[PDB]
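Okay, so here's the structure we're looking at.
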Amino acid sequence: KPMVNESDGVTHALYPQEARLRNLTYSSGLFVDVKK
């Protein structure tokens with residue numbers, strides 16, 4: 001679900017209003033299983 005990887009800080013849940021006001025991107029993390 002949309003999260004914020006903010007410098008010198010934790011990754012926390014990003015809601016549309018915050019994204020709108022702090023000029024961030026309402027986007028979520030993409031993860032895949034890598035086989036080797």
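Letters A, B, ... go to the chains of the structure tokens in the order shown; residues in each chain start at 1; ligands are counted from 1 in the same order.
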
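When the distance limit is 12 Å and only C-alpha atoms are what count, the residues near stretch 4-16 of chain A, minus those fewer than 6 positions from it on the same chain, are residues 22, 23, 24, 25, 26, 27, 28 and 29 of chain A.
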
Written selection (N, CA, C and O atoms) as a PDB file, in the first residue's frame:
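File written: selection_8.pdb
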ATOM      1  N   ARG A  22       2.915  17.629   0.786  1.00  0.00           N
ATOM      2  CA  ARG A  22       4.388  17.566   0.849  1.00  0.00           C
ATOM      3  C   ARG A  22       5.060  17.380  -0.538  1.00  0.00           C
ATOM      4  O   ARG A  22       6.293  17.304  -0.618  1.00  0.00           O
ATOM      5  N   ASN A  23       4.235  17.321  -1.616  1.00  0.00           N
ATOM      6  CA  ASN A  23       4.601  17.151  -3.024  1.00  0.00           C
ATOM      7  C   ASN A  23       5.361  15.861  -3.273  1.00  0.00           C
ATOM      8  O   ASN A  23       6.399  15.846  -3.939  1.00  0.00           O
ATOM      9  N   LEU A  24       4.805  14.763  -2.752  1.00  0.00           N
ATOM     10  CA  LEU A  24       5.367  13.418  -2.884  1.00  0.00           C
ATOM     11  C   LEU A  24       4.582  12.599  -3.913  1.00  0.00           C
ATOM     12  O   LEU A  24       3.597  13.078  -4.478  1.00  0.00           O
ATOM     13  N   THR A  25       5.018  11.368  -4.155  1.00  0.00           N
ATOM     14  CA  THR A  25       4.339  10.514  -5.109  1.00  0.00           C
ATOM     15  C   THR A  25       3.587   9.415  -4.395  1.00  0.00           C
ATOM     16  O   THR A  25       4.177   8.660  -3.611  1.00  0.00           O
ATOM     17  N   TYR A  26       2.277   9.340  -4.664  1.00  0.00           N
ATOM     18  CA  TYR A  26       1.405   8.316  -4.111  1.00  0.00           C
ATOM     19  C   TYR A  26       1.697   7.100  -4.953  1.00  0.00           C
ATOM     20  O   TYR A  26       1.177   6.962  -6.066  1.00  0.00           O
ATOM     21  N   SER A  27       2.649   6.299  -4.467  1.00  0.00           N
ATOM     22  CA  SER A  27       3.157   5.098  -5.116  1.00  0.00           C
ATOM     23  C   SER A  27       3.471   4.037  -4.077  1.00  0.00           C
ATOM     24  O   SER A  27       3.835   4.373  -2.942  1.00  0.00           O
ATOM     25  N   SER A  28       3.374   2.758  -4.470  1.00  0.00           N
ATOM     26  CA  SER A  28       3.681   1.658  -3.563  1.00  0.00           C
ATOM     27  C   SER A  28       4.823   0.776  -4.070  1.00  0.00           C
ATOM     28  O   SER A  28       5.088   0.745  -5.268  1.00  0.00           O
ATOM     29  N   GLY A  29       5.509   0.109  -3.142  1.00  0.00           N
ATOM     30  CA  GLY A  29       6.650  -0.756  -3.425  1.00  0.00           C
ATOM     31  C   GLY A  29       6.340  -2.016  -4.209  1.00  0.00           C
ATOM     32  O   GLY A  29       5.369  -2.720  -3.907  1.00  0.00           O
TER      33      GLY A  29
END

All residues 12 Å or closer to residue A:30, only C-alpha atoms, same chain fewer than 4 positions away omitted, as an mmCIF file with N, CA and C atoms, in the first residue's frame:
data_model
loop_
_atom_site.group_PDB
_atom_site.id
_atom_site.type_symbol
_atom_site.label_atom_id
_atom_site.label_comp_id
_atom_site.auth_asym_id
_atom_site.auth_seq_id
_atom_site.Cartn_x
_atom_site.Cartn_y
_atom_site.Cartn_z
ATOM 1 N N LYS A 1 0.911 -1.141 0.000
ATOM 2 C CA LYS A 1 0.000 0.000 0.000
ATOM 3 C C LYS A 1 0.956 1.197 0.000
ATOM 4 N N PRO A 2 0.570 2.383 -0.514
ATOM 5 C CA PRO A 2 1.534 3.502 -0.604
ATOM 6 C C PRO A 2 2.320 3.846 0.672
ATOM 7 N N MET A 3 3.659 3.864 0.555
ATOM 8 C CA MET A 3 4.566 4.154 1.662
ATOM 9 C C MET A 3 5.614 5.196 1.292
#

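Residues of chain A that DSSP, applied to the backbone, places in strand (DSSP E): residues 3, 4, 5, 11, 12 and 13 of chain A.
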
Exercise. DSSP says helix (DSSP H, G or I) for which residues of chain A? Put them as a PyMOL selection string?
Worked result: chain A and resi 16-21

Dump N, CA and C atoms for the selected residues as a PDB file, in the first residue's frame?
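Result file follows (result27.pdb):
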ATOM      1  N   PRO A  16      -3.316  10.020   0.537  1.00  0.00           N
ATOM      2  CA  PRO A  16      -3.350  11.006  -0.550  1.00  0.00           C
ATOM      3  C   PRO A  16      -3.143  12.451  -0.155  1.00  0.00           C
ATOM      4  N   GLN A  17      -3.743  12.936   0.947  1.00  0.00           N
ATOM      5  CA  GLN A  17      -3.560  14.336   1.338  1.00  0.00           C
ATOM      6  C   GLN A  17      -2.092  14.707   1.644  1.00  0.00           C
ATOM      7  N   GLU A  18      -1.347  13.846   2.363  1.00  0.00           N
ATOM      8  CA  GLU A  18       0.076  14.079   2.668  1.00  0.00           C
ATOM      9  C   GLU A  18       0.871  14.227   1.370  1.00  0.00           C
ATOM     10  N   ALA A  19       0.697  13.259   0.444  1.00  0.00           N
ATOM     11  CA  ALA A  19       1.328  13.224  -0.877  1.00  0.00           C
ATOM     12  C   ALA A  19       1.039  14.518  -1.634  1.00  0.00           C
ATOM     13  N   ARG A  20      -0.216  14.982  -1.574  1.00  0.00           N
ATOM     14  CA  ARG A  20      -0.608  16.212  -2.229  1.00  0.00           C
ATOM     15  C   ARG A  20       0.124  17.398  -1.604  1.00  0.00           C
ATOM     16  N   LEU A  21       0.134  17.501  -0.263  1.00  0.00           N
ATOM     17  CA  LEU A  21       0.701  18.667   0.416  1.00  0.00           C
ATOM     18  C   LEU A  21       2.226  18.737   0.442  1.00  0.00           C
TER      19      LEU A  21
END
